[PDB]
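Visitor: coordinates only, no sequence provided:
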Ligand SMILES: CC(=O)O[C@H]1CC(C)(C)C(=C=C/C(C)=C/C=C/C(C)=C/C=C/C=C(C)/C=C/C=C(\C)C(=O)C[C@@]23O[C@]2(C)C[C@@H](O)CC3(C)C)[C@](C)(O)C1
Ligand SMILES: CC(=O)O[C@H]1CC(C)(C)C(=C=C/C(C)=C/C=C/C(C)=C/C=C/C=C(C)/C=C/C=C(\C)C(=O)C[C@@]23O[C@]2(C)C[C@@H](O)CC3(C)C)[C@](C)(O)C1
Ligand SMILES: CC1=C(C#C/C(C)=C/C=C/C(C)=C/C=C/C=C(C)/C=C/C=C(C)/C=C/[C@@]23O[C@]2(C)C[C@@H](O)CC3(C)C)C(C)(C)C[C@H](O)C1
Ligand SMILES: CC1=C(C#C/C(C)=C/C=C/C(C)=C/C=C/C=C(C)/C=C/C=C(C)/C=C/[C@@]23O[C@]2(C)C[C@@H](O)CC3(C)C)C(C)(C)C[C@H](O)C1
């Protein structure tokens, strides 16, 4: 199972049975999975930073509930109505099962060398973004508890110019 | 690829397809079909070249952005907003901050320039839809060698080559510059004159007063 997904840090990081066995029977499925996860978490990080300086002025529940007022971070999850996030997800699930926009087609050619290198770089970046999402959520929740339990009060601890 | 000097470009990026063919195309979306993306008036005939269509795209953007630059300086510096409106100081000269100038100006002149560029692109499509072969940025008659308007272009083919180079380069650099000025003014709530002139001055905090000496 020593396909793409390896680099200088480890030639095959699987300190368990996980890799061996299901040879091309779960390896491809896990590639699909890790891909989707890393992409979504990249989008998460971009999410967190972008609400901090910019804000689209749309009124989620018309008349009131305007983006400009909802908290950024985890607090939006408590705010966002259950059914509201349900409808948002329903759009996302239709997108996953319809390819609606989001580059529905078009991936250029990318000869197999550059294509493989791009895919590997993708995997690495999304893997990193998983950990980035982790730290962010951690800090957020911890502060939400004791206001500055972590210390550094402002949500994005790095990028100090923002906050 | 000398632009991206230690890198390879597209397996088929050309060097003579467009004047700006130094090879800069890292992701090189040129490779991708670049066709009637979401039915962009599909023709399947001459259809120019997909790269040449991206070239016409860059040409339109850079030309518009180039004009936009001067429309971000002259309202302030050159002519100091010669709005000279019969009445209504707002939506006129007064708003020298370009963002605020748009914030004021009534939809009359907005629809004026909107219909202006609308007829512009209508004539552009009227040409290009028939102007197959070399779409040549939908040139049609607009200041072409035939010069469909005054001072019908009177230059040489080598001068024409240099002129194509001039236009393409200026359009690209202005595409940078328009981003510049816009993010500048928005993130300063001013006009370019404001920050640049206090810059070229001496702050009022320190002036060593004057030479009041005997
Ligand atoms: C055909 C068509 O139409 O279009 C094409 C367009 C194009 C471009 C070709 C396509 C593509 C590919 C795409 C879109 C690729 C996008 C890739 C993308 C967007 C990749 C982001 C990575 C972000 C990372 C790694 C962030 C790490 C962030 C980390 C590690 C952090 O440090 C977070 C940190 O947070 C902490 C923990 C604390 C804070 O105090 C400090 C900060 C915030 C810094 C498509 C899909 O083929 C379609
Ligand atoms: C008969 C007919 O009609 O045919 C027409 C054809 C045609 C071609 C239209 C004709 C022509 C020629 C034309 C119109 C040529 C137009 C060329 C044009 C208008 C080219 C602008 C470039 C601006 C750039 C590159 C950016 C500069 C500025 C930049 C990059 C900056 O650095 C700005 C900076 O500001 C920031 C970002 C921040 C400040 O802190 C610092 C400074 C200030 C330094 C004719 C002769 O009229 C005939
Ligand atoms: C953005 C945003 C929101 C959001 C969001 C969303 C949807 C965020 C999504 C986050 C997401 C999708 C996060 C995935 C993480 C996956 C991880 C961490 C995986 C690790 C796995 C590891 C470290 C495993 C390592 C292994 O080595 C082990 C241990 C044994 C080996 O044999 C095998 C390998 C090598 C693999 C809110 C919160 C809803 C509102 C807010 O306002 C705005
Ligand atoms: C006239 C006027 C106004 C105005 C205006 C307007 C509409 C101004 C608009 C300006 C506009 C429309 C500016 C576009 C820039 C686009 C850029 C810079 C794209 C860069 C793209 C780059 C640099 C990418 C290069 C790539 O290499 C990358 C990175 C990856 C490669 O694989 C592929 C390629 C080669 C692509 C107001 C405000 C309305 C009123 C005011 O009063 C005056």
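Guide: Arrived safely, thanks for sending. Residues are numbered from 1 along each chain as shown, chains lettered A, B, ... in the order given. Ligands and ions are numbered 1, 2, ... in the order given.

Visitor: count of residues packed around the nearest residue to residue A:95 once chain neighbours are set aside?
Guide: Leaving aside its sequence neighbours, residue A:95 sits nearest to residue A:102 (CB to CB, 6 or more residues apart in numbering or on different chains; 6.3 Å). Quick note: C-beta positions are derived from backbone N, CA and C, even for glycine. By other CB atoms under 10 Å in any protein chain shown, 9 other residues sit near residue A:102.

Visitor: what comes up buried for the longest helix seen in chain B?
Guide: What stands out as the longest helix in chain B, according to DSSP state H, is helix B:157-186. Neighbour-count burial for helix B:157-186 flags B:164, B:167-168, B:170-172, B:174-175, B:177-178, B:181, B:185 (criterion: 16 or more other CB atoms under 10 Å in any protein chain shown).

Visitor: just checking, what packs against it?
Guide: Packing contacts for helix B:157-186, counted by 3 or more CB pairs under 8 Å, 6 or more residues apart in numbering or on different chains; DSSP states H and E, involve helix B:50-73, helix B:98-104, helix B:192-199.

Visitor: list the helices and strands the last one packs on?
Guide: Helices and strands in packing contact with helix B:192-199 are listed as helix B:157-186; criterion 3+ CB pairs under 8 Å, 6+ apart.

Visitor: wait, does the helix it packs on contact ligand 2?
Guide: Yes: Helix B:157-186 is in contact with ligand 2 by CB under 6 Å from any ligand atom, via B:170, B:173-174, B:176-177, B:180-181, B:184.

Visitor: that helix near ligand 4 anywhere?
Guide: Yes: with CB under 6 Å from any ligand atom as the measure, helix B:157-186 is seen reaching ligand 4 through B:175-176, B:178-179.

Visitor: pick the one among these closest to ligand 3.
Guide: The closest of those to ligand 3 turns out to be residue B:179 (CB to the nearest ligand atom; 27.2 Å).

Visitor: who in chain A is up against ligand 4?
Guide: So chain A never meets ligand 4 (CB under 6 Å from any ligand atom).

Visitor: make CSV out of the residues of helix B:157-186 next to ligand 4 and add distance to residue B:66.
Guide: Putting those into CSV (distance: CB to CB, whole Å) gives the following:
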residue, distance to residue B:66
B:175, 8
B:176, 11
B:178, 8
B:179, 13
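
Visitor: what's the distance between the residue nearest to residue A:95 and ligand 1?
Guide: Residue A:102 is 7 Å from ligand 1, where distance means CB to the nearest ligand atom, to the nearest Å.

Visitor: follow-up on the earlier one: and the longest helix of chain B with helix B:50-73, angle?
Guide: Taking axes from the mean of the first three to the mean of the last three CA atoms, to 10 degrees, helix B:157-186 and helix B:50-73 form an angle of 60 degrees between their directions.

Visitor: distance between stretch B:170-190 and the chain's centre?
Guide: 11 Å (CA atoms, centre = their mean, to the nearest Å).

Visitor: wait, I meant stretch B:78-93
Guide: Distance, stretch centre to chain centre, for stretch B:78-93: 24 Å (CA atoms, centre = their mean).

Visitor: buried residues, it. List them.
Guide: Within stretch B:78-93, the residues scored as buried using 16+ other CB under 10 Å are B:81, B:83, B:91-93.

Visitor: OK, contacts around the residue of chain B found nearest ligand 2?
Guide: Relative to ligand 2, the nearest point of chain B is residue B:143 (2.3 Å; CB to the nearest ligand atom). Contacts for residue B:143 (CB atoms under 8 Å, 6 or more residues apart in numbering or on different chains) come out as B:149, B:153.

Visitor: mind running it again at 6 Å?
Guide: residue B:153 (CB atoms under 6 Å, 6 or more residues apart in numbering or on different chains).

Visitor: residue nearest the centroid of chain B?
Guide: For chain B, the residue nearest the mean C-alpha position is residue B:65 (2.2 Å; CA atoms, centre = their mean).

Visitor: and that residue, what does it touch?
Guide: With CB under 6 Å, 6+ apart, residue B:65 has these contacts: B:174-175, B:178.

Visitor: helix or strand for the residue of chain B closest to ligand 2, just tell me which one.
Guide: For residue B:143, there is no helix or strand it lies in under DSSP states H and E.

Visitor: coming back round to it: what is the nearest of the residues of helix B:157-186 next to ligand 2 to chain A?
Guide: Nearest to chain A out of these is residue B:184 (CB to the nearest CB; 15.8 Å).

Visitor: ok, back up a step: for the buried residues of stretch B:78-93, give me a markdown table that also has distance to residue A:88.
Guide: Converted to a markdown table, those look like this (distance: CB to CB, whole Å):
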| residue | distance to residue A:88 |
| --- | --- |
| B:81 | 45 |
| B:83 | 46 |
| B:91 | 40 |
| B:92 | 44 |
| B:93 | 46 |
